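Counting neighbours? That spans all protein chains shown, and the Cβs are built from the backbone with ideal geometry, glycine included. Each answer follows from the model by the rule given with it, or from the source it names; none is laboratory data.
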Amino acid sequence: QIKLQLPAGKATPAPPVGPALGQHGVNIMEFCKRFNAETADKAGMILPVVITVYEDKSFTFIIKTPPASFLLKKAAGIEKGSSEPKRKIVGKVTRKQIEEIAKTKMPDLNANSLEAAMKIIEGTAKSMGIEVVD
Amino acid sequence: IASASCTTXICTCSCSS
RNA sequence: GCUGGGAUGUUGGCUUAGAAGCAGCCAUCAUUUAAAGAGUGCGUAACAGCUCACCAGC
């Protein structure tokens, strides 16, 4: 199977999506129309697409919520992450905010308890150059 | 070496649809 | 050595023609796990397909 991140609303350039999926017998022209048809409701957002291809030259795709990395950036108020995480601090997040993002990405998190969901978020935060404030 | 749509330079890439 | 796991939270910030471990600098996270690398590698123009670490059995 193949997983990737395409921009909602635009799918057609040969260089990126062309070979990656084409090497698996994926009909690029049918994929682009399909993806651009459903994800038109959220045009402008970057999201992961799971495309299941089989022996038959047909496929199916599933849409997923935006990655935590993107949420943390928009939460802290930054467009670009830090080149050097524990070297250059760019943004900061508060405890209650960590819970907020954790609760939103909980249904897709591999954690069982909320405490575990909070910590996984904190992990990405410190590795992205975001200071955690209580 | 001789494909259709598929790389950034050598010489083909894509072109149908 | 042999039989099968070797994904998820993402394609970590991203840059080039392209970047989606195998280019590039800090990072190097946490899950949950039976146990499982923000990965030793071949390879395509990259992906891929594939390789060990580890595991379950032997």
Worksheet item: Out of the stretch A:1-34, which residues are closer than 16 Å to A:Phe59 by Cα and more than 14 Å from chain B (Cβ to nearest Cβ)?
Response: A:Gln1, A:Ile2, A:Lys3, A:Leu4
Worksheet item: How many residues, within the stretch A:32-86, are closer than 30 Å to A:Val132 by Cα and hydrophobic (A, V, I, L, M, F, W, C)?
Response: 10
Worksheet item: Which one of A:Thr60, A:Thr12, A:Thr65, A:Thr39 is in contact with an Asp or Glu (Cβ under 8 Å, 6 or more places away or on another chain) and hydroxyl-bearing (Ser, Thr, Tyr)?
Response: A:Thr65
Practice prompt. Looking only at the stretch A:75-110, count how many residues are within 15 Å of the chain's Cα centre (by Cα), small (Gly, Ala, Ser) and near RNA strand C (Cβ under 8 Å from one of its atoms).
Written response: 1
Worksheet item: Tell me, which strands (runs of 3 or more DSSP E) wholly within the stretch A:17-134 include 1 or more residues that are surrounded by fewer than 18 Cβ atoms within 10 Å (Cβ to Cβ), assigned by CATH to the domain that holds A:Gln5 and not charged (D, E, K, R)?
Response: A:46-53, A:59-63
Worksheet item: Do we find that A:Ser113 is farther than 25 Å from A:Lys3 by Cα, within 8 Å of RNA strand C (Cβ to nearest atom) and of a type in the set (S, T, N, Q) in this structure?
Response: yes
Worksheet item: For the stretch A:27-73, what are the residues that are hydrophobic (A, V, I, L, M, F, W, C) and closer than 23 Å to B:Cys15 by Cα?
Response: A:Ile28, A:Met29, A:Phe31, A:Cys32, A:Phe35, A:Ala37, A:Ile51, A:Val53, A:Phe59
